[PDB]
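Report on the following structure.
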DNA sequence: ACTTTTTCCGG
RNA sequence: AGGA
DNA sequence: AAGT
Ligand SMILES: [Zn+2]
Ligand SMILES: [Zn+2]
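Protein chains in written order, with the deposited numbering: chain S, 784 to 839; chain Y, 2 to 120; chain F, 672 to 727; chain L, 50 to 70, 90 to 98; chain R, 1119 to 1176, 1187 to 1243, 1254 to 1341; chain A, 281 to 336; chain Z, 246 to 437, 446 to 490; chain V, 540 to 637; chain D, 2 to 215; chain U, 736 to 784.
What follows is the structure, encoded as structure tokens:
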């Protein structure tokens, strides 16, 4: 993100969500969780379609 | 390596052997030019390269804000102001060693605790 | 409960330092890669392992 | 976007290969 | 899976690890160079001066192929300059004259000459050398790892007891070959490529 | 049957071959896809029998 | 804007990692074969090597990049002057389009019109067109030599959303030039006022009505689902 | 997003005409090894020339846009490492205020 | 000694497996005969240099008393090893008319690198006798000993006739084994022959499949 | 100390539908994507006319 | 050189 | 265009 | 995303 200095391999820069849902997420933690979430939904959609033909 | 061109064509120079005197020549295949080789080396491959490690280090490198700072004392002037970066040789293998550029002398030093360099 | 949240914070705190320690160790060339792996691959495996150990 | 299209882009498409052996001048939008 | 006997012998595993893991001349080489060294008996390169002196005492091309090997790389995938050169020598047979710096020597070097028009021929040789040369192991078999798996096995007293073993995991497949290898169990070997199991062991 | 202008016959023949072809299968590799004056292509007998939603 | 020649030019690096003949050829618009870069600079005007290499590699101390450019010089060596470089390019059509004077004249035009259409599509701007082609080869090599990183096709700054207005621009253009040809048609018929204003109205309507951004009721490939009915379930929707 | 906007499309010339009068060497007259490290300038992917001290130019450009003179929607990026200064008048670019 | 020791280690192992295969086919071979140690192999088929003497290895084998009861017309076998890596039409015409004269039933040719296309053209030419080509380098390890390989049993013409009667099958209706199958080669399966495959079952303990040769 | 710009408000990364989610930062990543599809099926006054 | 599948249900 |  |  542009809110990071270059060559930052730290937990925070690479998406480690230190916080609990109860405490809340930081804008960085939120956006990273968001990328992670997106991958799962694309998988769900792709898997659902593949898995069907396999059954057939 | 460092290769030269013809001084009449500007077209590139190809090697030729002077079997008679056992000496290396560079000929021009456009005209009739020939010159003795300055080096015995005609080609170098280089597989584990170290050229590109510290590329694009302009004197404006201190101005880029996207770059991080550190309080590491400089080897040449002891200035605790440096703009570090990683091996710009964009290869898989590559070590995570740093290269600090001074903000006064503008000299390049590593965080390397295995070897000593000059690049 | 409050004391368990102190314990959890300091649980992440030590695993964050464990990551920094392996980060400085890898910037200093001292880090010795795992057989059949990039020096970086070897580092990331360890970082991702500490952060997920702490999550648990 | 539409504003740039009416105010400018439209007056431009109107004259580029407009001139025919008869060319097109200024466009008016009611 | 390791030969019946040597179950917990980690050093046995390492042997077969090296015996099968593929290593190329490219994987050891730092850089290769072509120099014009017209006299074979003496060298323009001052470092080399030493190497000629010995690999002479106790006709060919003037153009030289000089490649530098990496010490640390020659270490991980255990290797000797002797065995490296011996391969290069056994590859190009008699048409290529090979010399090499000793394992002790500070810099690792391999000098090669031949037996009108030469410049290009030598570059064709360096391409065979780097790419088309095997040093160690079986082809296709890449990253090889040692694993300490747990095998439940009947003890003398009769009870099945957790008695672990060293096992090799490959990042490539070549069954026909890694089976005929000494020091393994060609009764226990397994590949996830069942297309290969079908071809080698039957339907 | 009339005064056969030959090139005109091999021309009218090839067109009949086209229609008899495109009627059974309209989706041929050799690209002219017989189309109803509406742009919309003519539905092949093949297309009618073709899988998932379609006769069989 | 204007005609919009969506001609894409590729600068290919033949031969893979660890193979001899690491030649650089570039697929030029309206040209069958992939011409070696050197023939291009020569056809462009930049006749000698080194003058060609000056445009590609800027640092005379970057031996690594230059050794990489040596096979290119070898490939191109066969052609020598500007003329014989254009003739080689004219030999590869289109089809071929036989005759020497014809093939040479072609390639003169492909460079002016089809080659690097932005910058300029004019005449005497060979200087700019060369330095750029070189900038491309430089960037090509920079990646092969593991210095620059391979371009992320999915970086957002490299994308552009075509909004309402420019969607119409593409459409209006297509129809205005369709009217422009019907305008020439009635001017022709006048062997000696009947300018169908319907084509434009009906076209824009058809488009915004179906969502089929193509010409016209004969759709595919047109691009459908561009226009659509505004959802009104809630003010949010 | 709520703050996202799209570039409408401006004119490159008032920036091109400006750049020349500010230290840009035309591409027709470039000497790759005489002026070697020169920061190369592109306006909408069209390589226009080279600038000797890009730091001074980048500061004058930023001030025209921030004042009003150069359109605020006009994108202008200076990669120090790469030694390039790419400018964008280009209609389509998604922008956000900061 | 060097890496000459290994070309031997392997030729010994390949022989042991060739010995096993012949025993398994139903021929008379001892267990001590198979178990012939390395040092003892050297001291039989090794010259004045301690190098392999393949021309000596070659051995005739006969049917066990048991085999002539199941398959009466099951004749005699001959296994001819060759000392030349590339086997040519010259060394092949030898072995071929050897079987023809010595009225053999079957013959196995164990070659190192190849059997020339000229020589291979003579393999079917001598009926009712049959010939088998076998790359030495394959035989180094016995596939039949592997975990995954169950017991295959060649059926008699009377046994196959019965399998078909008992399960009311047409030849088609049977699971098939390829003529080129590692095990079908090891057992020298001819097209139409059936194998009984006795496999272990996590379900029943022992399950018997059948495969006809294609 | 290199900061060239500041973010107006981070909640502006969100678009129309997500901006109706209460505490979306205290939610699991997709639960928000689900809501930013459901609110388009809800009822209520869509216009005063 | 060249083809074909991809879970189930108001206009 | 939309639900599971 | 695979395979004649
Ligand atoms: Zn010359
Ligand atoms: Zn300093």
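Each residue gets a CB set at the ideal place from its N, CA and C atoms; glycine is no exception.
Could you tell me the distance, in whole angstroms, from the CA atom of residue 825 of chain S to the CA atom of residue 819 of chain S?
-> One C-alpha to the other measures close to 10 Å.
Contact set between the stretch 52-70 of chain L and chain V, restricted to residues whose Cβ is under 7 Å from the partner | Those would be 53, in chain order.
Does the stretch 40-56 of chain Y come close enough to the stretch 200-209 of chain D that 3 or more CB-CB pairs lie under 8 Å?
-> No: the two stretches stay apart, fewer than three of their Cβ pairs being nearer than 8 Å.
Local Cβ density within 10 Å of residue 1153 of chain R, reported as buried at 16 or more and exposed below that | Label assigned to residue 1153 of chain R: buried.
Tell me, to the nearest whole angstrom, how far the beta carbon of residue 189 of chain D is from that of residue 26 of chain D; I am working on the premise that it is less than 8 Å.
-> Yes, residue 189 of chain D and residue 26 of chain D are in contact; Cβ-Cβ is about 6 Å, under 8 Å.
Are the stretch 1162-1169 of chain R and the stretch 1293-1307 of chain R touching, with three or more C-beta to C-beta distances below 8 Å?
-> Short answer: they don't touch.
Euclidean distance between Cα positions of residue 22 of chain Y and residue 1150 of chain R | One Cα belongs to residue 22 of chain Y, the other to residue 1150 of chain R, and the distance between them is close to 27 Å.
Going by DSSP, what residues sit across from residue 6 of chain Y in a beta bridge?
-> Bridge partners of residue 6 of chain Y according to DSSP: Y:13.
Residue 12 of chain Y: CB within 7 Å of a non-hydrogen atom of ligand 1 | Yes, ligand 1 has a heavy atom inside 7 Å of this Cβ.
Spatially closest choice to residue 1330 of chain R from R:1205, R:1268, R:1239 and R:1312, by CA coordinates | Nearest C-alpha to residue 1330 of chain R among R:1205, R:1268, R:1239 and R:1312: R:1312.
Residue 565 of chain V lies in the beta strand (DSSP E); which residues open and close that run?
-> Membership of residue 565 of chain V in the beta strand (DSSP E) is indicated by the continuous run 563-565.
Residue 298 of chain A: first and last residue of the uninterrupted alpha helix (DSSP H) it sits in | It spans 287-304 - the alpha helix (DSSP H) in which residue 298 of chain A sits, taken as one unbroken run.
Is there at least one non-hydrogen atom of ligand 2 closer than 7 Å to the beta-carbon of residue 112 of chain Y?
-> It does not: the Cβ of residue 112 of chain Y is nowhere closer than 7 Å to a heavy atom of ligand 2.
Residue 1217 of chain R - containing alpha helix (DSSP H), residue span = It spans 1209-1220 - the alpha helix (DSSP H) in which residue 1217 of chain R sits, taken as one unbroken run.
Could you have a look at residue 826 of chain S and say whether DSSP puts it in helix, strand or coil?
-> Three-state result, residue 826 of chain S: helix.
Sufficient close CB pairs (3 or more, under 8 Å) joining the stretch 362-381 of chain Z to the stretch 69-81 of chain Y = For the pair of segments examined, the stretch 362-381 of chain Z was found not to touch the stretch 69-81 of chain Y: the number of CB pairs separated by less than 8 Å stays below three.
Within the 8 Å Cβ cut-off, does residue 86 of chain Y reach chain S?
-> At least one C-beta of chain S is nearer than 8 Å to the C-beta of residue 86 of chain Y.
Roughly how many angstroms separate the alpha carbons of residue 719 of chain F and residue 712 of chain F, rounded to a whole number?
-> About 11 Å.
State the Cα-Cα distance for the pair residue 786 of chain S and residue 737 of chain U, rounded to the nearest angstrom.
-> Between residue 786 of chain S and residue 737 of chain U, the C-alpha separation is close to 11 Å.
Using a cut-off of 7 Å between C-beta atoms, extract the partners of residue 260 of chain Z located in chain R.
-> Taking a Cβ-Cβ threshold of 7 Å, none of the residues of chain R is close to residue 260 of chain Z; the smallest such distance is about 11 Å.
CB contact flag (residue 1338 of chain R, residue 183 of chain D, <8 Å) = Judged by beta-carbon spacing, residue 183 of chain D lies within the 8 Å limit of residue 1338 of chain R, meaning their Cβ atoms are closer than that value.
The beta strand (DSSP E) with residue 279 of chain Z in it runs from where to where?
-> Annotation for residue 279 of chain Z: the continuous beta strand (DSSP E) segment containing it runs 279-281.
Look up residue 1166 of chain R in the DSSP assignment and say whether it is helix, strand or coil.
-> Three-state DSSP puts residue 1166 of chain R in coil, outside helix and strand.
Counted within 10 angstroms of its Cβ, other Cβ atoms place residue 337 of chain A as buried (16 or more) or exposed | Because chain A in this structure spans residues 281 to 336, residue 337 of chain A falls outside the shown range and cannot be described.
Can you pull the chain S residues whose beta carbon is under 8 Å from the beta carbon of residue 69 of chain Y, in chain order?
-> Going along chain S in sequence order, the residues near residue 69 of chain Y (Cβ under 8 Å) are 788, 789, 790 and 791.
Decide yes or no for the touch test of the stretch 392-404 of chain Z against the stretch 87-98 of chain Y: beta carbon pairs closer than 8 Å, at least 3 of them.
-> At 8 Å Cβ cutoff, the stretches touch.
For residue 1191 of chain R, the first and last residue of its enclosing alpha helix (DSSP H) = Here residue 1191 of chain R belongs to no alpha helix (DSSP H); instead the beta strand (DSSP E) covers 1191-1197.
Residues bridged to residue 108 of chain D (per DSSP) = Per DSSP, D:79 and D:132.
Among the residues of its own chain, which have a CB less than 8 Å from the CB of residue 361 of chain Z, if the five just before and after it don't count?
-> Contacts found: 254, 374, 377 and 378.
May I have a chain-ordered list of the alpha helix (DSSP H) segments no shorter than 4 residues that lie completely inside the stretch 590-621 of chain V?
-> For the stretch 590-621 of chain V, whole alpha helix (DSSP H) runs of length 4 or above, ordered along the chain, are 593-606.
Exercise answer, beta-carbon shell around ligand 2 heavy atoms below 6 Å | Those residues that bring their Cβ nearer than 6 Å to a heavy atom of ligand 2 are Y:75, Y:77, Y:78, Y:80, Y:103, Y:105, Y:106 and Y:108.
Determine the DSSP secondary structure at residue 115 of chain D, reduced to helix, strand or coil.
-> Note: residue 115 of chain D maps to strand in three-state DSSP.
In terms of residue numbering, what span does the alpha helix (DSSP H) encompassing residue 300 of chain Z cover?
-> Taken as a continuous stretch (DSSP letters only), the alpha helix (DSSP H) holding residue 300 of chain Z covers 296-301.
Using 7 Å as the cut-off, classify the Cβ of residue 294 of chain Z as near or not near the heavy atoms of ligand 1, replying yes or no.
-> Not under cutoff, so the answer is no.
Own chain residues within Cβ distance below 6 Å of residue 315 of chain A, not counting five before or after = For residue 315 of chain A, where only same-chain residues beyond five positions count, the Cβ hits under 6 Å are 321.
Looking at residue 9 of chain Y and ligand 1, is the gap between the Cβ and the nearest heavy atom below 7 Å?
-> True, at least one ligand heavy atom lies under 7 Å from that Cβ.
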